[PDB]
$ cat run_26.pdb   # PDB, C-alpha atoms and all ligand atoms
ATOM      1  CA  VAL P   3      -5.207 153.329-120.812
ATOM      2  CA  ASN P   4      -8.792 154.417-121.511
ATOM      3  CA  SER P   5     -11.816 155.230-119.354
ATOM      4  CA  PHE P   6     -14.032 152.213-120.085
ATOM      5  CA  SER P   7     -15.058 150.583-116.795
ATOM      6  CA  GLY P   8     -16.281 147.140-115.780
ATOM      7  CA  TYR P   9     -15.697 145.422-119.127
ATOM      8  CA  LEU P  10     -14.935 141.723-119.388
ATOM      9  CA  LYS P  11     -11.988 141.105-121.711
ATOM     10  CA  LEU P  12     -12.765 138.572-124.468
ATOM     11  CA  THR P  13      -9.648 138.763-126.683
ATOM     12  CA  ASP P  14      -6.616 140.983-127.189
ATOM     13  CA  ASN P  15      -8.836 143.790-128.503
ATOM     14  CA  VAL P  16     -12.518 142.930-127.807
ATOM     15  CA  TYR P  17     -14.246 143.764-124.508
ATOM     16  CA  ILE P  18     -17.886 143.296-123.440
ATOM     17  CA  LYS P  19     -20.244 144.666-120.775
ATOM     18  CA  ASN P  20     -23.936 144.428-119.813
ATOM     19  CA  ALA P  21     -24.940 148.054-120.365
ATOM     20  CA  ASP P  22     -27.020 150.385-122.509
ATOM     21  CA  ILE P  23     -24.733 151.872-125.171
ATOM     22  CA  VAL P  24     -26.450 155.225-124.553
ATOM     23  CA  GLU P  25     -25.419 155.173-120.883
ATOM     24  CA  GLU P  26     -21.871 154.041-121.710
ATOM     25  CA  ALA P  27     -21.645 156.934-124.173
ATOM     26  CA  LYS P  28     -23.041 159.430-121.657
ATOM     27  CA  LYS P  29     -20.465 158.270-119.092
ATOM     28  CA  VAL P  30     -17.377 157.839-121.283
ATOM     29  CA  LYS P  31     -17.914 160.371-124.100
ATOM     30  CA  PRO P  32     -15.885 158.115-126.416
ATOM     31  CA  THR P  33     -14.191 159.327-129.558
ATOM     32  CA  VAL P  34     -16.481 157.010-131.556
ATOM     33  CA  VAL P  35     -19.865 155.502-130.723
ATOM     34  CA  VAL P  36     -21.229 153.052-133.290
ATOM     35  CA  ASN P  37     -24.888 153.258-134.283
ATOM     36  CA  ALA P  38     -26.660 150.154-135.575
ATOM     37  CA  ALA P  39     -28.055 152.049-138.551
ATOM     38  CA  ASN P  40     -30.183 151.240-141.582
ATOM     39  CA  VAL P  41     -29.434 152.489-145.106
ATOM     40  CA  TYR P  42     -31.830 155.474-144.806
ATOM     41  CA  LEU P  43     -30.460 156.577-141.421
ATOM     42  CA  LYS P  44     -34.022 156.385-140.052
ATOM     43  CA  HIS P  45     -33.328 155.936-136.340
ATOM     44  CA  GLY P  46     -36.636 154.438-135.294
ATOM     45  CA  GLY P  47     -35.932 151.850-132.602
ATOM     46  CA  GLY P  48     -33.361 149.660-130.935
ATOM     47  CA  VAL P  49     -29.897 151.152-130.577
ATOM     48  CA  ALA P  50     -30.589 153.767-133.265
ATOM     49  CA  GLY P  51     -33.881 154.956-131.826
ATOM     50  CA  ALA P  52     -32.333 155.053-128.353
ATOM     51  CA  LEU P  53     -29.218 156.970-129.428
ATOM     52  CA  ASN P  54     -31.280 159.425-131.445
ATOM     53  CA  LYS P  55     -33.707 160.017-128.564
ATOM     54  CA  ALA P  56     -30.737 160.778-126.299
ATOM     55  CA  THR P  57     -29.652 163.507-128.783
ATOM     56  CA  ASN P  58     -33.106 165.143-128.653
ATOM     57  CA  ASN P  59     -33.561 164.172-132.362
ATOM     58  CA  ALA P  60     -30.449 166.116-133.459
ATOM     59  CA  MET P  61     -28.972 162.879-134.821
ATOM     60  CA  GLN P  62     -32.039 162.428-137.044
ATOM     61  CA  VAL P  63     -31.937 166.034-138.298
ATOM     62  CA  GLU P  64     -28.255 165.691-139.231
ATOM     63  CA  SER P  65     -28.911 162.287-140.801
ATOM     64  CA  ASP P  66     -31.751 163.593-142.977
ATOM     65  CA  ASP P  67     -29.430 166.248-144.398
ATOM     66  CA  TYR P  68     -26.763 163.590-145.017
ATOM     67  CA  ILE P  69     -29.210 161.407-146.977
ATOM     68  CA  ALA P  70     -30.592 164.366-148.938
ATOM     69  CA  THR P  71     -27.043 165.126-150.098
ATOM     70  CA  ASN P  72     -25.533 161.657-150.508
ATOM     71  CA  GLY P  73     -28.343 159.128-150.868
ATOM     72  CA  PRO P  74     -28.651 155.914-148.884
ATOM     73  CA  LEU P  75     -25.782 153.919-147.473
ATOM     74  CA  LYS P  76     -24.993 150.388-148.635
ATOM     75  CA  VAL P  77     -25.783 147.377-146.476
ATOM     76  CA  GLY P  78     -22.376 146.646-144.969
ATOM     77  CA  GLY P  79     -21.391 150.308-145.286
ATOM     78  CA  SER P  80     -21.002 153.240-142.938
ATOM     79  CA  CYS P  81     -20.636 156.969-142.582
ATOM     80  CA  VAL P  82     -19.091 159.189-139.910
ATOM     81  CA  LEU P  83     -21.353 161.900-138.495
ATOM     82  CA  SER P  84     -21.420 163.916-135.289
ATOM     83  CA  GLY P  85     -21.627 162.196-131.929
ATOM     84  CA  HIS P  86     -23.683 165.135-130.608
ATOM     85  CA  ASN P  87     -23.804 165.105-126.784
ATOM     86  CA  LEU P  88     -22.813 161.420-126.602
ATOM     87  CA  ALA P  89     -19.414 161.105-128.316
ATOM     88  CA  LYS P  90     -17.105 163.063-130.577
ATOM     89  CA  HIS P  91     -18.233 161.071-133.627
ATOM     90  CA  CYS P  92     -20.936 158.557-134.452
ATOM     91  CA  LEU P  93     -20.009 155.793-136.904
ATOM     92  CA  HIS P  94     -23.330 154.760-138.460
ATOM     93  CA  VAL P  95     -22.832 151.142-139.577
ATOM     94  CA  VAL P  96     -25.416 149.121-141.514
ATOM     95  CA  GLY P  97     -25.493 145.471-140.575
ATOM     96  CA  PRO P  98     -27.866 143.241-142.544
ATOM     97  CA  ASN P  99     -31.476 143.144-141.262
ATOM     98  CA  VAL P 100     -32.749 139.600-141.775
ATOM     99  CA  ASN P 101     -36.284 140.650-140.824
ATOM    100  CA  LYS P 102     -36.116 142.838-143.962
ATOM    101  CA  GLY P 103     -34.677 139.965-146.005
ATOM    102  CA  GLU P 104     -31.105 141.270-146.142
ATOM    103  CA  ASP P 105     -28.030 139.074-146.499
ATOM    104  CA  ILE P 106     -26.102 137.838-143.449
ATOM    105  CA  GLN P 107     -22.749 137.377-145.235
ATOM    106  CA  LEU P 108     -22.568 141.202-145.269
ATOM    107  CA  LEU P 109     -22.056 141.190-141.492
ATOM    108  CA  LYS P 110     -18.287 140.804-141.911
ATOM    109  CA  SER P 111     -18.197 143.777-144.290
ATOM    110  CA  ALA P 112     -20.163 145.798-141.724
ATOM    111  CA  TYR P 113     -17.655 145.032-138.961
ATOM    112  CA  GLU P 114     -14.719 145.926-141.254
ATOM    113  CA  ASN P 115     -15.783 149.570-140.908
ATOM    114  CA  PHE P 116     -14.678 149.415-137.265
ATOM    115  CA  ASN P 117     -11.045 148.933-138.349
ATOM    116  CA  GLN P 118     -10.883 152.565-139.500
ATOM    117  CA  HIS P 119     -11.060 153.697-135.844
ATOM    118  CA  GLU P 120      -8.530 152.898-133.138
ATOM    119  CA  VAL P 121     -11.101 152.633-130.304
ATOM    120  CA  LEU P 122     -14.902 152.338-130.432
ATOM    121  CA  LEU P 123     -17.907 151.907-128.172
ATOM    122  CA  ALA P 124     -20.189 149.646-130.198
ATOM    123  CA  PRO P 125     -23.337 147.514-130.113
ATOM    124  CA  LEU P 126     -23.565 143.979-131.450
ATOM    125  CA  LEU P 127     -24.245 144.399-135.165
ATOM    126  CA  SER P 128     -27.409 142.854-136.625
ATOM    127  CA  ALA P 129     -28.619 141.855-133.141
ATOM    128  CA  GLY P 130     -32.040 142.621-131.711
ATOM    129  CA  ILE P 131     -34.631 143.781-134.226
ATOM    130  CA  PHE P 132     -32.170 143.195-137.083
ATOM    131  CA  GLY P 133     -32.907 139.510-136.544
ATOM    132  CA  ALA P 134     -29.481 137.860-136.745
ATOM    133  CA  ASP P 135     -27.988 135.330-134.330
ATOM    134  CA  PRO P 136     -26.088 137.324-131.668
ATOM    135  CA  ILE P 137     -23.645 134.473-130.968
ATOM    136  CA  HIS P 138     -22.663 134.525-134.641
ATOM    137  CA  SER P 139     -22.347 138.313-134.638
ATOM    138  CA  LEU P 140     -19.951 138.251-131.679
ATOM    139  CA  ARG P 141     -17.885 135.605-133.463
ATOM    140  CA  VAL P 142     -17.764 137.759-136.590
ATOM    141  CA  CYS P 143     -16.803 140.794-134.506
ATOM    142  CA  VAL P 144     -13.906 139.008-132.813
ATOM    143  CA  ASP P 145     -12.721 137.490-136.103
ATOM    144  CA  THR P 146     -12.968 140.764-138.092
ATOM    145  CA  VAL P 147     -12.281 143.777-135.869
ATOM    146  CA  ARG P 148      -8.606 144.358-135.099
ATOM    147  CA  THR P 149      -8.960 147.745-133.393
ATOM    148  CA  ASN P 150     -10.082 148.115-129.769
ATOM    149  CA  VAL P 151     -13.835 147.577-129.443
ATOM    150  CA  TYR P 152     -15.945 147.928-126.288
ATOM    151  CA  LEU P 153     -19.247 146.126-126.808
ATOM    152  CA  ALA P 154     -22.204 147.354-124.755
ATOM    153  CA  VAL P 155     -24.993 144.769-124.538
ATOM    154  CA  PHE P 156     -28.206 146.198-123.077
ATOM    155  CA  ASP P 157     -30.098 142.942-122.474
ATOM    156  CA  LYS P 158     -28.846 141.228-119.320
ATOM    157  CA  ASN P 159     -30.009 137.746-120.286
ATOM    158  CA  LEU P 160     -28.280 138.165-123.644
ATOM    159  CA  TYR P 161     -25.073 139.382-121.998
ATOM    160  CA  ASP P 162     -25.013 136.300-119.769
ATOM    161  CA  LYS P 163     -25.704 134.001-122.724
ATOM    162  CA  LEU P 164     -22.980 135.658-124.812
ATOM    163  CA  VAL P 165     -20.291 135.350-122.134
ATOM    164  CA  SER P 166     -21.191 131.788-121.185
ATOM    165  CA  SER P 167     -21.131 130.594-124.816
ATOM    166  CA  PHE P 168     -18.044 132.436-126.082
ATOM    167  CA  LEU P 169     -15.314 130.312-127.627
TER     168      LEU P 169
HETATM  169  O1  LIG G   1     -29.084 143.876-126.051
HETATM  170  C1  LIG G   1     -28.207 143.969-127.161
HETATM  171  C2  LIG G   1     -28.903 144.794-128.319
HETATM  172  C3  LIG G   1     -30.016 143.959-128.986
HETATM  173  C4  LIG G   1     -31.326 144.434-128.351
HETATM  174  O2  LIG G   1     -31.570 143.656-127.186
HETATM  175  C5  LIG G   1     -31.038 145.906-127.976
HETATM  176  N1  LIG G   1     -29.558 146.046-127.875
HETATM  177  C6  LIG G   1     -28.914 147.150-127.320
HETATM  178  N2  LIG G   1     -27.574 147.050-127.062
HETATM  179  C7  LIG G   1     -26.913 148.094-126.472
HETATM  180  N3  LIG G   1     -27.421 149.262-126.097
HETATM  181  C8  LIG G   1     -28.769 149.370-126.370
HETATM  182  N4  LIG G   1     -29.477 150.500-126.060
HETATM  183  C9  LIG G   1     -30.789 150.273-126.479
HETATM  184  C10 LIG G   1     -30.879 148.999-127.019
HETATM  185  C11 LIG G   1     -29.571 148.364-126.975
HETATM  186 CL    CL G   2     -32.672 146.145-131.147
END

$ encode --input "run_26.pdb" --output "structure tokens" --more "lines below"
Ligand SMILES: OC[C@H]1C[C@@H](O)CN1c1ncnc2[nH]ccc12
Ligand SMILES: [Cl-]
Amino acid sequence: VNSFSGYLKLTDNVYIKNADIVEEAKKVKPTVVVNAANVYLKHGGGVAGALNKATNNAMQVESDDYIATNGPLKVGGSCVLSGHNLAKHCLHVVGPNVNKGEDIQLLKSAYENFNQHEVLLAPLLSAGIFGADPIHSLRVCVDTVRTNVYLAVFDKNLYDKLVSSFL
């Protein structure tokens, strides 16, 4: 039993809700919140900009130190940093950004990072301003993640479309 509330069950391990991931994190304080990151951990907009804003820019400050020490992430890769006021940990995961010309086959690799954590509050990878097809991303999530994932989908129209089209 966990404290996630109001989620529609999709499969054995994947759940979905129409909510802002920031608000789900503020309410649940999950062990792991996933950020839809880029390789530079520049949290400018979308999920990343919203999460970072909710930390009063502390996520960005921590991220800049991480990059100064370690260099950029790989597309498809991840790192674990603090969850600040929102969660115990933040798993920064880089899905491909097709608006930047990055490669969509890397979406499965990106979701594989979730399997290192038993339970996660996560956004739909490569959705929104990353420019990928959200229906495809949900399919990759369900077919790749084996641990328990709670997907928070901010956009109501998208949530409705995702549920109604799920196979
Ligand atoms: O709607 C699903 C995706 C794609 C784009 O619409 C934004 N987005 C989010 N999902 C979950 N939490 C979020 N907080 C802020 C934005 C956001
Ligand atoms: Cl977005």

$ closest_residue --input "run_26.pdb" --among "P:157, P:145, P:162, P:105" --to "ligand CL 2 (chain G)" --atoms "all atoms listed in the file"
P:157

$ resolve_selection --input "run_26.pdb" --expression "the PyMOL selection byres (((not hetatm)) within 9 of (chain G and resi 2))" --output "mmCIF file with C-alpha atoms, in the frame of the given file"
data_model
loop_
_atom_site.group_PDB
_atom_site.id
_atom_site.type_symbol
_atom_site.label_atom_id
_atom_site.label_comp_id
_atom_site.auth_asym_id
_atom_site.auth_seq_id
_atom_site.Cartn_x
_atom_site.Cartn_y
_atom_site.Cartn_z
ATOM 1 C CA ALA P 38 -26.660 150.154 -135.575
ATOM 2 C CA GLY P 47 -35.932 151.850 -132.602
ATOM 3 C CA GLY P 48 -33.361 149.660 -130.935
ATOM 4 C CA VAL P 49 -29.897 151.152 -130.577
ATOM 5 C CA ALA P 50 -30.589 153.767 -133.265
ATOM 6 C CA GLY P 51 -33.881 154.956 -131.826
ATOM 7 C CA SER P 128 -27.409 142.854 -136.625
ATOM 8 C CA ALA P 129 -28.619 141.855 -133.141
ATOM 9 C CA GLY P 130 -32.040 142.621 -131.711
ATOM 10 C CA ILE P 131 -34.631 143.781 -134.226
ATOM 11 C CA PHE P 132 -32.170 143.195 -137.083
ATOM 12 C CA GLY P 133 -32.907 139.510 -136.544
#

$ closest_residue --input "run_26.pdb" --among "P:25, P:9, P:83, P:164" --to "residue 67 (chain P)" --atoms "only C-alpha atoms"
P:83

$ closest_atom_pairs --input "run_26.pdb" --of "chain P" --to "ligand LIG 1 (chain G)" --cutoff "12 Å" --atoms "all atoms listed in the file" --output "tab-separated table"
residue	atom	partner	partner_atom	distance
P:18	CA	G:LIG1	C7	10.7
P:19	CA	G:LIG1	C7	9.4
P:20	CA	G:LIG1	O1	8.1
P:21	CA	G:LIG1	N3	6.4
P:22	CA	G:LIG1	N3	3.8
P:23	CA	G:LIG1	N3	3.9
P:24	CA	G:LIG1	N4	5.8
P:25	CA	G:LIG1	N4	8.1
P:26	CA	G:LIG1	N3	8.5
P:27	CA	G:LIG1	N3	9.8
P:28	CA	G:LIG1	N4	11.9
P:35	CA	G:LIG1	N3	10.8
P:36	CA	G:LIG1	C7	10.2
P:37	CA	G:LIG1	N3	9.5
P:38	CA	G:LIG1	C6	9.1
P:45	CA	G:LIG1	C9	11.7
P:46	CA	G:LIG1	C9	11.4
P:47	CA	G:LIG1	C10	8.1
P:48	CA	G:LIG1	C10	4.7
P:49	CA	G:LIG1	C10	4.3
P:50	CA	G:LIG1	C9	7.6
P:51	CA	G:LIG1	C9	7.8
P:52	CA	G:LIG1	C9	5.4
P:53	CA	G:LIG1	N4	7.3
P:54	CA	G:LIG1	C9	10.4
P:55	CA	G:LIG1	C9	10.4
P:56	CA	G:LIG1	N4	10.4
P:123	CA	G:LIG1	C7	9.9
P:124	CA	G:LIG1	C7	7.8
P:125	CA	G:LIG1	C7	5.1
P:126	CA	G:LIG1	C2	6.2
P:127	CA	G:LIG1	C2	8.3
P:128	CA	G:LIG1	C3	8.1
P:129	CA	G:LIG1	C3	4.9
P:130	CA	G:LIG1	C3	3.6
P:131	CA	G:LIG1	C4	6.8
P:132	CA	G:LIG1	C3	8.4
P:133	CA	G:LIG1	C3	9.2
P:134	CA	G:LIG1	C3	9.9
P:135	CA	G:LIG1	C3	10.4
P:136	CA	G:LIG1	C3	8.2
P:137	CA	G:LIG1	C1	11.2
P:139	CA	G:LIG1	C1	11.1
P:140	CA	G:LIG1	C1	11.0
P:152	CA	G:LIG1	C7	11.0
P:153	CA	G:LIG1	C7	7.9
P:154	CA	G:LIG1	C7	5.1
P:155	CA	G:LIG1	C1	4.2
P:156	CA	G:LIG1	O1	3.9
P:157	CA	G:LIG1	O1	3.8
P:158	CA	G:LIG1	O1	7.2
P:159	CA	G:LIG1	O1	8.5
P:160	CA	G:LIG1	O1	6.2
P:161	CA	G:LIG1	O1	7.3
P:162	CA	G:LIG1	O1	10.7
P:163	CA	G:LIG1	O1	11.0
P:164	CA	G:LIG1	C1	10.1

$ atom_distance --input "run_26.pdb" --atom1 "CA of residue 16 (chain P)" --atom2 "CA of residue 151 (chain P)"
5.1 Å

$ resolve_selection --input "run_26.pdb" --expression "the PyMOL selection byres (((chain P and resi 169) around 12) and not hetatm)" --output "PyMOL selection string"
chain P and resi 12-13+137-138+140-142+144-145+164-168

$ axis_aligned_box --input "run_26.pdb" --around "region 42-61 of chain P" --padding-each-side "3 Å" --output "lines of an AutoDock Vina configuration file"
center_x = -32.8
center_y = 157.9
center_z = -135.6
size_x = 13.7
size_y = 22.5
size_z = 24.5

$ resolve_selection --input "run_26.pdb" --expression "the PyMOL selection byres (((chain P and resi 78) around 6) and not hetatm)" --output "list in words"
residues 76, 77, 79, 96, 97, 108, 111 and 112 of chain P

$ closest_residue --input "run_26.pdb" --among "P:87, P:33, P:58, P:80" --to "residue 5 (chain P)" --atoms "all atoms listed in the file"
P:33

$ atom_distance --input "run_26.pdb" --atom1 "CA of residue 41 (chain P)" --atom2 "CA of residue 75 (chain P)"
4.6 Å

$ atom_distance --input "run_26.pdb" --atom1 "CA of residue 150 (chain P)" --atom2 "CA of residue 69 (chain P)"
29.0 Å

$ closest_residue --input "run_26.pdb" --among "P:143, P:42, P:64, P:59" --to "residue 109 (chain P)" --atoms "only C-alpha atoms"
P:143

$ decode --input "run_26.pdb" --residues "region 70-97 of chain P" --atoms "N, CA and C atoms" --output "PDB file, in the first residue's frame"
ATOM      1  N   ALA P  70      29.146  20.640 -13.505  1.00  0.00           N
ATOM      2  CA  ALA P  70      30.521  21.121 -13.404  1.00  0.00           C
ATOM      3  C   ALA P  70      31.473  20.000 -13.012  1.00  0.00           C
ATOM      4  N   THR P  71      31.000  19.044 -12.219  1.00  0.00           N
ATOM      5  CA  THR P  71      31.833  17.936 -11.774  1.00  0.00           C
ATOM      6  C   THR P  71      31.873  16.797 -12.780  1.00  0.00           C
ATOM      7  N   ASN P  72      30.724  16.464 -13.379  1.00  0.00           N
ATOM      8  CA  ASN P  72      30.559  15.213 -14.108  1.00  0.00           C
ATOM      9  C   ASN P  72      30.367  15.371 -15.606  1.00  0.00           C
ATOM     10  N   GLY P  73      30.079  16.572 -16.092  1.00  0.00           N
ATOM     11  CA  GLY P  73      29.761  16.761 -17.483  1.00  0.00           C
ATOM     12  C   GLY P  73      28.336  16.349 -17.780  1.00  0.00           C
ATOM     13  N   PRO P  74      27.917  16.541 -19.026  1.00  0.00           N
ATOM     14  CA  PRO P  74      26.519  16.285 -19.388  1.00  0.00           C
ATOM     15  C   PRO P  74      26.142  14.812 -19.285  1.00  0.00           C
ATOM     16  N   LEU P  75      24.846  14.590 -19.087  1.00  0.00           N
ATOM     17  CA  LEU P  75      24.290  13.252 -19.206  1.00  0.00           C
ATOM     18  C   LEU P  75      24.269  12.836 -20.674  1.00  0.00           C
ATOM     19  N   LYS P  76      23.974  11.556 -20.891  1.00  0.00           N
ATOM     20  CA  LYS P  76      23.668  11.001 -22.205  1.00  0.00           C
ATOM     21  C   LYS P  76      22.166  11.083 -22.454  1.00  0.00           C
ATOM     22  N   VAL P  77      21.776  11.284 -23.717  1.00  0.00           N
ATOM     23  CA  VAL P  77      20.375  11.073 -24.077  1.00  0.00           C
ATOM     24  C   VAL P  77      20.046   9.611 -23.827  1.00  0.00           C
ATOM     25  N   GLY P  78      18.963   9.361 -23.088  1.00  0.00           N
ATOM     26  CA  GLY P  78      18.636   8.035 -22.609  1.00  0.00           C
ATOM     27  C   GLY P  78      19.148   7.744 -21.218  1.00  0.00           C
ATOM     28  N   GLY P  79      19.986   8.623 -20.662  1.00  0.00           N
ATOM     29  CA  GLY P  79      20.595   8.412 -19.369  1.00  0.00           C
ATOM     30  C   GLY P  79      19.885   9.154 -18.247  1.00  0.00           C
ATOM     31  N   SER P  80      20.478   9.067 -17.061  1.00  0.00           N
ATOM     32  CA  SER P  80      19.865   9.626 -15.868  1.00  0.00           C
ATOM     33  C   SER P  80      20.918   9.863 -14.799  1.00  0.00           C
ATOM     34  N   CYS P  81      20.524  10.647 -13.800  1.00  0.00           N
ATOM     35  CA  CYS P  81      21.271  10.731 -12.555  1.00  0.00           C
ATOM     36  C   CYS P  81      20.283  10.941 -11.415  1.00  0.00           C
ATOM     37  N   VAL P  82      20.684  10.514 -10.221  1.00  0.00           N
ATOM     38  CA  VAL P  82      19.902  10.704  -9.008  1.00  0.00           C
ATOM     39  C   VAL P  82      20.457  11.897  -8.247  1.00  0.00           C
ATOM     40  N   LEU P  83      19.603  12.883  -7.993  1.00  0.00           N
ATOM     41  CA  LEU P  83      19.948  14.044  -7.188  1.00  0.00           C
ATOM     42  C   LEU P  83      18.886  14.207  -6.106  1.00  0.00           C
ATOM     43  N   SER P  84      19.006  15.278  -5.327  1.00  0.00           N
ATOM     44  CA  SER P  84      18.044  15.517  -4.264  1.00  0.00           C
ATOM     45  C   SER P  84      16.650  15.798  -4.820  1.00  0.00           C
ATOM     46  N   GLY P  85      15.635  15.386  -4.067  1.00  0.00           N
ATOM     47  CA  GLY P  85      14.274  15.785  -4.352  1.00  0.00           C
ATOM     48  C   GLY P  85      13.863  17.078  -3.692  1.00  0.00           C
ATOM     49  N   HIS P  86      14.753  17.694  -2.920  1.00  0.00           N
ATOM     50  CA  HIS P  86      14.506  19.001  -2.299  1.00  0.00           C
ATOM     51  C   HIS P  86      13.227  18.924  -1.475  1.00  0.00           C
ATOM     52  N   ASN P  87      12.328  19.891  -1.581  1.00  0.00           N
ATOM     53  CA  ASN P  87      11.106  19.905  -0.795  1.00  0.00           C
ATOM     54  C   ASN P  87      10.020  19.011  -1.375  1.00  0.00           C
ATOM     55  N   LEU P  88      10.266  18.377  -2.521  1.00  0.00           N
ATOM     56  CA  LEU P  88       9.218  17.699  -3.277  1.00  0.00           C
ATOM     57  C   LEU P  88       9.214  16.186  -3.115  1.00  0.00           C
ATOM     58  N   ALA P  89      10.373  15.586  -2.858  1.00  0.00           N
ATOM     59  CA  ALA P  89      10.525  14.141  -2.808  1.00  0.00           C
ATOM     60  C   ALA P  89      11.840  13.870  -2.096  1.00  0.00           C
ATOM     61  N   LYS P  90      12.077  12.612  -1.729  1.00  0.00           N
ATOM     62  CA  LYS P  90      13.391  12.286  -1.188  1.00  0.00           C
ATOM     63  C   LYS P  90      14.468  12.480  -2.252  1.00  0.00           C
ATOM     64  N   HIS P  91      14.260  11.888  -3.424  1.00  0.00           N
ATOM     65  CA  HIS P  91      15.192  11.938  -4.532  1.00  0.00           C
ATOM     66  C   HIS P  91      14.479  12.421  -5.783  1.00  0.00           C
ATOM     67  N   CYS P  92      15.251  13.035  -6.677  1.00  0.00           N
ATOM     68  CA  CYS P  92      14.810  13.297  -8.041  1.00  0.00           C
ATOM     69  C   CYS P  92      15.675  12.495  -9.003  1.00  0.00           C
ATOM     70  N   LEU P  93      15.030  11.643  -9.800  1.00  0.00           N
ATOM     71  CA  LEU P  93      15.683  10.930 -10.895  1.00  0.00           C
ATOM     72  C   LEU P  93      15.536  11.785 -12.147  1.00  0.00           C
ATOM     73  N   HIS P  94      16.629  12.435 -12.552  1.00  0.00           N
ATOM     74  CA  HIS P  94      16.647  13.236 -13.771  1.00  0.00           C
ATOM     75  C   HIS P  94      16.876  12.295 -14.940  1.00  0.00           C
ATOM     76  N   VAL P  95      15.889  12.159 -15.823  1.00  0.00           N
ATOM     77  CA  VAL P  95      15.951  11.227 -16.944  1.00  0.00           C
ATOM     78  C   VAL P  95      15.861  12.017 -18.236  1.00  0.00           C
ATOM     79  N   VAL P  96      16.746  11.723 -19.185  1.00  0.00           N
ATOM     80  CA  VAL P  96      16.780  12.423 -20.465  1.00  0.00           C
ATOM     81  C   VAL P  96      16.101  11.548 -21.512  1.00  0.00           C
ATOM     82  N   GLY P  97      14.865  11.886 -21.860  1.00  0.00           N
ATOM     83  CA  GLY P  97      14.259  11.358 -23.056  1.00  0.00           C
ATOM     84  C   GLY P  97      14.725  12.140 -24.268  1.00  0.00           C
TER      85      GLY P  97
END
